[PDB]
Amino acid sequence: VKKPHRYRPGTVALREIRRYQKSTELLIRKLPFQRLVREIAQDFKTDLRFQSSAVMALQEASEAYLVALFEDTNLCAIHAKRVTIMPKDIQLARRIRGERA
Amino acid sequence: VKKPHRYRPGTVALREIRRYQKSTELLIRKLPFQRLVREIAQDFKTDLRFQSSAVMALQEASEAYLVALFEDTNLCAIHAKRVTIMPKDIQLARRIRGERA
Amino acid sequence: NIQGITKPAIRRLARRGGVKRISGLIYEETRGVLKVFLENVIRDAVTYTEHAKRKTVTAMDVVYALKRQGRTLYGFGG
Amino acid sequence: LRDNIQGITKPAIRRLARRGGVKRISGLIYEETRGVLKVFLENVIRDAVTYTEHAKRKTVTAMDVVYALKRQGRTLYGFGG
Amino acid sequence: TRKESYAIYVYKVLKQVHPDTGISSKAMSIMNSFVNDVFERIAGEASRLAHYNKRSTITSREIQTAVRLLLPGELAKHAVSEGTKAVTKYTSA
DNA sequence: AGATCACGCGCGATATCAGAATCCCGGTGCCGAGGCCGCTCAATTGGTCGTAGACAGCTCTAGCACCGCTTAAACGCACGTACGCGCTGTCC
């Protein structure tokens, strides 16, 4: 009759994992992250200017840190016999890392 | 016709936890650890002497590191809905810490 | 503004991290974690820029701030 | 000196786990803990002996161990430094 | 020979904080090691700050910034206040 | 057949009979800490000279900002399937 080609759930997830581990471009849009950085900074000092390279460095460091955190989170979830990462996984990863008290 | 007073499993374990978190004395026996330290050092330089203070410092550092590792291990074991720590728990703790590759 | 870190963006970061399935609440937790990390790094960077008596935060300030926290970053004149 | 790693007996590892808040310990944990301890001691004593050799000494002083730990990021108080 | 330490100064601080409280030798050594460690941390950060700014001298401003970087929030605030007050007293006298 | 009362069985709570481990109270000897003494080395006082840093002027680079298009990406909605989670039983 007709039927869509819907991939079994979890297949496009693997395709995306392969696609994003093979690339290097930043995964957060530049402008929203720049606005977030400026807002966080304005707490510490008013009328601050940022070098474009400064925001780019912040984005690179943040994305690398988040990717490593998600790697540890995925390991924690797999340790719990699960496949989904859940906030308790992030909390355990951060607690073991020594980041969160 | 009397039965001895057996504590339910897990009671004496908790009593020991309280006792050993209350105290500070070293838990590893001193002579075996000194022999281990000398044997390990024998693979880097022969005919080495050790200040008693040096062996004591090594023992304190090792015991503190192991206690922290066991805390993280217990956290992972509880994360997996378990109460018993297993070697996989130690491996996950070390992997997240960044010690083990 | 913190919501500018969209759900798909966190999905991409998780995927690059090897994550197959993501819970619904992971996004808010990740936003909080990113906010904390940025707060620390930007606080150190702004401290460096203030000590230099500058109103502009230079990439070198960010690099030094990251190096302080044990997150050395290469590629920005380290 | 041979087979001294087994000198870290099962009860000693049990005590260390208890100080860590562990209630139940698997049987396989003891060998894994011995391996981890051996790795840690190897990493520390390597640097301690490096410091001792640089000072042209045949004796490993507590300050060498303290420097090694500080190098590894495990600063230790109470033995000088 | 002479082995210098912070024993006497830490004891003076203790007696000014808890006049009826002593300190054991091991605790004394730990406190001395802690003072040395914090000294090294602050001095190293100040040296890095001077180097970054192409500056040859470590002034009180460098020490203040190093303290602000090293210490957490409330500790940093109180340490900065104490340092500035001590420097002001010194300059006056 | 239904309701009430009495007896028996099952479950929960308290007590208890105990006995086990811990904490506490007292006496005791100790050695580790606090303190006083003497000696000396490192810090303070005084002075010089030189360069490092402070300050003003100028330049122009880069940051900010604004606009307008286009279009990749976010947002939203829906179906469903497969994964999380609870319950249960067995074995070690």
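First the proteins, then the strands, lettered A, B, ... as listed; each starts at 1. In what follows, every heavy atom counts, from backbone to side chain, and hydrogens, waters and symmetry copies are set aside.
- The side chain of C:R12 sits closest to F:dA74 out of F:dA74, F:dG84, F:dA82.
- The side chain of E:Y11 lies closest to F:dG34 when the candidates are F:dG34, F:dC23, F:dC41.
- Scanning residues 52-65 of chain A for heavy-atom distances under 4.0 Å to DNA chain F yields A:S52.
- For E:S56, a side-chain nitrogen or oxygen approaches OP1 or OP2 of F:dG53 to under 4.0 Å.
- Ranking F:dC75, F:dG63, F:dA33 by closeness to the E:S25 side chain, first place goes to F:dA33.
- With distances taken from any side-chain atom of A:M86 to the nucleotides F:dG53, F:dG63, F:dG84, the minimum falls on F:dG84.
- When distances are taken from the side chain of A:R49 to each of F:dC75, F:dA52, F:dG63, the shortest belongs to F:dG63.
- Between C:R21 atom CZ and F:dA82 atom P the separation is 10 Å, expressed in whole Å.
- Looking only at atom types and distance, the side chain of E:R68 has no donor-acceptor partner in the side chain of E:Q64 under 3.5 Å away.
- Taking every side-chain heavy atom of A:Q51 into account, F:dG63 is the closest of F:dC83, F:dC75, F:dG63.
- Using a 4.0 Å cut-off between charged nitrogen and carboxylate oxygen, C:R54 and C:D61 count as a salt-bridge pair.
- Comparing E:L14 and B:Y7, the nucleotide of DNA chain F nearest to each residue sits closer to the 5' end for B:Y7.
- Within 4.0 Å (heavy atoms only), C:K20 reaches no atom of the nucleic acid at all.
- We find that A:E39 and C:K35 are joined by a salt bridge, their nearest charged nitrogen and carboxylate oxygen being less than 4.0 Å apart.
- Heavy atoms of C:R11 sit nowhere under 4.0 angstrom from any nucleic acid atom.
- Of the charged side-chain nitrogens involved, none lies within less than 4.0 Å of a carboxylate oxygen, so that B:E25 and D:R15 do not count as a salt-bridged pair.
- Between the side chains of C:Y64 and E:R48, no donor N or O sits under 3.5 Å from an acceptor N or O.
- Where A:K81 and B:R15 meet DNA chain F, the nucleotide closest to each residue was compared, and B:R15 sits on the side nearer the 5' end.
- Salt-bridge check for E:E82 with E:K85: failed, with every basic side-chain N at 4.0 Å or more from each acidic carboxylate O.
- In this model, the phosphate group of F:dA82 is not approached by any side-chain N or O of A:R82 to a distance below 4.0 Å at OP1 or OP2.
- Nearest nucleotide to the side chain of A:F50, out of F:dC64, F:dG34, F:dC75: F:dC64.
- More than 12 non-hydrogen atoms from other residues, nucleotides or ligands lie less than 6.0 angstrom from NZ of E:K26.
- To the nearest angstrom, P of F:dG84 lies 10 Å from CG of A:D89.
- A salt bridge between B:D72 and B:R97 is present, with a side-chain N of the basic residue lying under 4.0 Å from a carboxylate O of the acidic one.
- Which of F:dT22, F:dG84, F:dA82 sits closest to the side chain of A:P9 comes down to F:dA82.
- At the phosphate of F:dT81, neither OP1 nor OP2 sits under 4.0 Å from any side-chain N or O atom of A:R8.
- For B:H5, taking side-chain heavy atoms from C-beta onward, the closest of the listed nucleotides F:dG84, F:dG19, F:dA33 is F:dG19.
- Contact annotation: A:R38 side-chain N/O to F:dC64 OP1/OP2 distance is under 4.0 Å.
- Atom CD1 in E:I8 sits roughly 16 Å away from atom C1' in F:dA33 (whole-Å rounding).
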